[PDB]
Amino acid sequence: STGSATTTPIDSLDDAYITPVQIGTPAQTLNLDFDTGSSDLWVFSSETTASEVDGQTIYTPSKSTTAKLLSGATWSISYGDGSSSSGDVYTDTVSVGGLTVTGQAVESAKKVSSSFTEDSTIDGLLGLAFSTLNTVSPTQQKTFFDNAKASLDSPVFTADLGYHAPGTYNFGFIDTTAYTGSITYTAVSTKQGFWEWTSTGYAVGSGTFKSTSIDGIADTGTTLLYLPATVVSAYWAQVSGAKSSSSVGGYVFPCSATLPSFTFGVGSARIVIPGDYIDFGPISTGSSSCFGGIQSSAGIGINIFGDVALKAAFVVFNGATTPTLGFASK
């Protein structure tokens, strides 16, 4: 079996992408953020503190004839400012673009951090990292992909994110009409539970390619591209007037500047990020300072190939017994 679903940017800056997901019987459709950097499927629900719900569509387990409370199970996922989202766990039927899984753990949020409350267009997250990161206690639960693996024609899913445009998540097959050239596959380390791989280097604009190993994770749930300080400094040095701002928290640049492209290596292949993809607009309404899409990972502790990088490619998440990542130009 296979599944295919359209994913849509939530705003004009491609800050995040939402994908419709059917939960329960009869179906309740929620718009979830597909996140290859986490492993929990959690949703706003009828159990969420009413003051923390601001326009989201909520999952109501009492109206689903297939929902079952998972007795005594809880979940808790931690975030930046010490905030956390947490709640209890149901099992229910979950379908993505025609692909149906029964008995999927659906984590119902009892409380969510303010950042999720402020974002009325995201009804929850669907984690697609490896199941060892799932936070359900005392019994860890499997991801949607892990539960679907057996019935898929091929144990893969692909991410084809659009630039200011809709895109596609496919499960169980590789659409050979969605990319050009060849898919280059590279080894994945699962030791930390992420889709972790090693880029072979980078180039800024039309400059020389620098061969250097950059270990990082493919994370559809992160907007920007976070790279080592040396790489990020070399990029912004080519943008006249760009500087690192502590008040803003990263590199900013004059909105009138034209940004150079950024190339990253996948084996012997090269993926080029057009400069327009790195522009994330004015830091505040009316400002002539614009926020950069490539930022330093020094404070994060891990390099993250987020949406900025992934939307420049067709990306294969190969969940075979030896997992790999595939990149193709498109």
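Residues 90-419, in that order, are what chain A shows, numbered as in Swiss-Prot.
How was it done? The header gives X-ray crystallography, 1.8 Å.
Every residue gets a Cβ built from N, Cα and C, even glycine.
If you look up Swiss-Prot, you'll see 106-417 marked as domain 'Peptidase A1'. Among the features that Swiss-Prot reports, active site is placed at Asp124, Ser288. Positions annotated as disulfide bond by Swiss-Prot: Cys344-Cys379.
Locations of recorded Swiss-Prot features on the structure.
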residue	record	DSSP class
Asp124	active site	strand
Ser288	active site	strand
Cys344	disulfide bond	coil
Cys379	disulfide bond	strand
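Between the CA atoms of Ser288 (active site) and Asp124 (active site) there is a gap of 20 Å, rounded to the nearest whole number.
Rounded to a whole value, the Cα-Cα separation of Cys344 (disulfide bond) and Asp124 (active site) is 30 Å. The two recorded residues, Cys379 (disulfide bond) and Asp124 (active site), show a Cα separation of 26 Å. Highest local Cβ density among the disulfide-bonded residues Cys344, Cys379 belongs to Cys379, counted as other Cβ atoms within 10 Å over all protein chains shown.
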